[PDB]
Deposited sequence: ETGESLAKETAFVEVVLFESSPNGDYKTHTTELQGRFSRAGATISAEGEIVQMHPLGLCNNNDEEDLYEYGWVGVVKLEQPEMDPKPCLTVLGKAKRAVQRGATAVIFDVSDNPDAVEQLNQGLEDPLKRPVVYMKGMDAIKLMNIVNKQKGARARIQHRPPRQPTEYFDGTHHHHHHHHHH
């Protein structure tokens, strides 16, 4: 099922009102996690960063070439789990560089997380990084329709 991800940039206009810009993106809900909507501020994690942020962040993790990390500290599902335990309301992996991560997550072996675990690639990941990379405050609204 498709995860409709809205990524919102924001600047507090001087008087308290917010100026925002929204970009709508898409990934899929993995079997590894729940298929629910979720939302919160984006934290960009390095994939090795998962071996205190305020509760309810949306982890964004750009996975790396499998041959960069030969004996990885955890499985990609393990990494997501650790994120949640550390207060993530959702995890979005950019699997552009680790396309086999997908089959690994959808392997349906452990029963799922109660939070979403979304995978993104191609154009949408590029845009997700285009935004994340440049702006401190960005918000993710992950929507199951």
Legend entry - Regions left out of the model, expressed as runs of the deposited sequence counted from 1: 1-8, 60-66, 161-182
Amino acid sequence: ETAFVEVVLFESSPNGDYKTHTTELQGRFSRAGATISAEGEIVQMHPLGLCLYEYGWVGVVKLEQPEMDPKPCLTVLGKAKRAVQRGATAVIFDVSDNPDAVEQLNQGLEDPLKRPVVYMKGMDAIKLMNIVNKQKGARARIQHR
From here on, numbers count along this sequence of modelled residues.
Inset, instruction - Averaging the C-alpha B factors as listed in the entry, name the stretch that ends up higher: 100-108 or 77-85. - result: 100-108
Inset, instruction - Averaging the C-alpha B factors as listed in the entry, name the stretch that ends up higher: 31-39 or 62-70. - result: 62-70
Inset, instruction - Looking at the entry's B-factor column for C-alpha atoms only, identify whether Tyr55 ranks in the lowest, middle or highest third of its chain. - result: middle
Inset, instruction - Taking the chain's C-alpha temperature factors as the reference, tell me which third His21 falls into: lowest, middle or highest. - result: middle
Legend entry - Where the record places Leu48 (Cα B-factor, split into thirds across the chain): highest
Legend entry - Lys134 - Cα temperature factor, lowest/middle/highest third of chain: highest
